[PDB]
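Step one of this worksheet: look at the structure below.
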Ligand SMILES: [Zn+2]
Ligand SMILES: [Zn+2]
C-alpha cells in the first residue's frame, strides 16, 4: 500500500527532472507527432522499445503480449495493426522477440495452464512447423533461442498476411515488416532478415 | 511490389542508435546488461494504451524489468479477449504480481476514434467496448456540455470499467482471497503536465459488488 506513494513520488521527481533537463518535452509530447513505427514485443521483455531504438517515445506505437504473438483470430493485435496502418499510416512494423522469454519457455512445459493453453498453443504450432530444424539442435539453450527466433519470424509472416498491410503496401509501397531479436546480455538488436518482398509474394500466391 | 530504398535506410539508422545506446550504458556500468539479465520477477502488471506517449517504467520511475506490460488500443480489458486475459492470468499465476494498474491518458486517439462515426472495419468491434462504457454512463456524459470535459470523463470511466473487468477474473479473485494481492488501481496520465492521477477505484468495494450475483 506504501507502494502507491512511492510511485506518485517517483512520477513527481521524473516530471521535475524532465522539466529541468528538457524545456519543451511536455509541450512537444502534448503537440501531435505521428509515430513512424509499430512495435510488437513481449510483455515480459525488460526494456521499452524507444530506449532500445534510441527514438523519442511518441515515435513508436506499441503492442506487448505474451511471447510477441500475432494469432489469426486475435482482435486485440489485429486492431493494433489495422489502426497503425489505416489511421497512423506507419511506415515500419517490427516484431521484436527476446532471449530468456518466459512466455516461450512456458509454452514447452507439458502443464494444463487453463486459459493460457490456447494462447501458448500458437508457440507450440511454430515448433511443429519447424520440428526437424528444432529437433536437430541438441543443446536445450540453443534450441530455445532458435524457437524464440522462429516465433518472431512466424509473427512477422502473420503481420504480412493482414489485408491492412497487403492493401497499403500494394497501393502506397508501405509499411515494410521486420523481425528483430533483443539480447539482454549485450543490449544489441539483431535483424532476422525476414525477406518482406519474398514473403509478401509467397503469401499472395493463393488467388 | 519493390521496397522503396528510403525504407531500407531507416533500418540502419535504428541499428546505429541501438549501438550508440549500448556504448553509453557500458560507459556508465561495464556490467549493466550482466545485472539487467540476472534481475528478479516484476511486481507490477501495467495495462496501458498503445497510443500513450511515455512508457510505464519511465512515468513510474521504476527500472524496466520491474513492470510486466500490456498495451492495446484504448487500454481495454474486454471479457472474451484471450490476449489480455492471458496477460492477467500469467501475471497473477506465474509472476505472482502484487499490483495491477490500468493506466489511461488524455488525448487518447483510441477513445477519440470510438466516438467518430467512421466505419473502421475490423476496429469497430474493438472500439465498441468504449461505446459500451459511454452507454453505461449516458446520462452523466450527456449532461457534460463541454466536448473536451466529456471526452476526459469518458477516458476516466473507460479506465474504471477496464479495472472492473480485471477484478472479475478468477485469477485476481482467487489470488486476492489466498494472499491479499494483487490489488487493482486505475490511473490517468496527463501528457500536458507529466503527472499521474489516481482514480481511487475502491478495490474491496468493487470486489464485493462483483461477487454479489454468485
Ligand atoms: Zn517474453
Ligand atoms: Zn490512447
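As a convention, Cβ positions derive from the backbone with ideal geometry for all residues, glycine included, and neighbour counts pool all protein chains shown. FYI, it's all coordinate maths here, none of it is from the lab.
Mean separation of Cα pairs under 8 Å and 6 or more residues apart, divided by the residue count, gives the stretch A:49-125 a relative contact order of 27 percent.
If contacts are Cα pairs under 8 angstrom and at least 6 residues apart, what is the relative contact order of the stretch A:111-199 in percent?
On the way: 62 pairs, mean separation 17.5, N = 89.
Relative contact order, the stretch A:111-199: 20 percent.
This ranking places A:145, A:121, B:197 by how few other beta-carbon atoms lie within 10 Å of each, fewest first, which gives A:121, B:197, A:145.
Using only Cα atoms, locate the centre of the stretch B:186-207 and the centre of the stretch B:86-107, then give the distance between them in Å, rounded to an integer. Cα centres, the stretch B:186-207 to the stretch B:86-107: 14 Å. Of all beta bridges that DSSP places with both ends in chain A, some 20 percent have antiparallel geometry. Shielding value for B:148-155 is 0, the average number of Cβ atoms from other chains within 10 Å of each residue's Cβ.
Under a Gaussian network description of chain B, with springs only between Cα atoms under 10 Å, the residue in B:112, B:35, B:27 that fluctuates furthest is B:27. Cβ crowding within 10 Å, taken as a proxy for footprinting-reagent exposure, orders B:152, B:179 from fewest neighbours to most as B:179, B:152.
What average count of beta carbons from other chains do you get within 10 Å of the Cβ of residues in B:35-48?
On the way: counts 0, 5, 8, 2, 2, 0, 2, 3, 1, 2, 1, 2, 1, 2.
Partner-chain Cβ atoms within 10 Å, mean over residues of B:35-48: 2.
With a 10 Å cut-off around each Cβ of A:175-182, the average count of Cβ atoms from other chains is 2.
Between residue A:18 and residue B:16, how high is the FRET efficiency from 1/(1 + (r/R0)^6) when r is the Cβ-Cβ distance and R₀ = 35 Å? Nearest 0.05. All intermediate terms of the calculation are to be shown ahead of the outcome.
Details: r = 25 Å, r/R0 = 0.72.
Taking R0 as 35 Å, the efficiency between residue A:18 and residue B:16 is 0.90.
So if I take the centroid of the Cα atoms in the stretch A:22-76 and the same for the stretch A:112-155, what is the distance between those two points in Å? Each part reduced to its Cα centre gives a spacing of 25 Å. Evaluated at q = 0.06, 0.08, 0.11 Å⁻¹, the base-10 log of the normalised Debye intensity for the protein assembly as shown, with identical point scatterers placed on the Cα atoms, takes the values -0.23, -0.42, -0.84.
Which order, highest average first, do A:198-204, A:68-74 follow once you tally other Cβ atoms within 10 Å for each residue and take the mean per peptide? Let's see the in-between values first.
Details: A:198-204: 13.9, A:68-74: 19.0.
Answer by packing, highest mean first, reads A:68-74, A:198-204.
Angle between the Cα long axis of helix A:75-86 and the longest principal axis of chain A, 0 to 90 degrees, nearest 10? Compared with the principal axis, the helix lies near 70 degrees.
How would you rank A:83, A:37, B:106, going from fewest to most other Cβ atoms within 10 Å of each one's own Cβ? Please list the in-between numbers first.
On the way: A:83 27, A:37 23, B:106 18.
So the ranking, lowest neighbour count to highest, is B:106, A:37, A:83.
Counting alpha carbon pairs within less than 8 Å and at least 6 residues apart, what relative contact order, in whole percent, applies to chain A?
Working: 270 pairs, mean separation 43.2, N = 207.
Relative contact order comes out at 21 percent.
The simple spin-label model puts a point 7 Å past each Cα toward its Cβ; for residue B:31 and residue B:204 those points are separated by 4.4 nm. Within the listed set B:175, B:118, B:86, the Gaussian network model of chain B (springs between alpha-carbon atoms below 10 Å) gives the highest mean-square fluctuation for B:118.
Using only Cα coordinates, the Kirkwood hydrodynamic radius of chain A works out to 18.8 Å.
Relative to the longest principal axis of the Cα atoms of chain A, helix A:116-129 runs at roughly 50 degrees. Enter the angle in degrees (range 0 to 90, nearest 10) between the Cα long axis of helix A:2-21 and the first principal axis of the Cα atoms of chain A, meaning the one along which they spread out most. So the inclination is approximately 70 degrees.
Can you give the helix-only mean residue ellipticity at 222 nm for the protein assembly as shown, where every DSSP H stretch with n ≥ 4 adds -39500 (n - 2.57) and the sum goes over all residues, rounded to the nearest 500 deg cm²/dmol? Intermediate values should be presented prior to the final figure.
Working: 20 runs with 220 residues, N = 421.
For the protein assembly as shown, the value works out to -16000 deg cm²/dmol.
GNM on chain A, alpha-carbon springs under 10 angstrom: the most fluctuating residue among A:91, A:18, A:105 is A:18.
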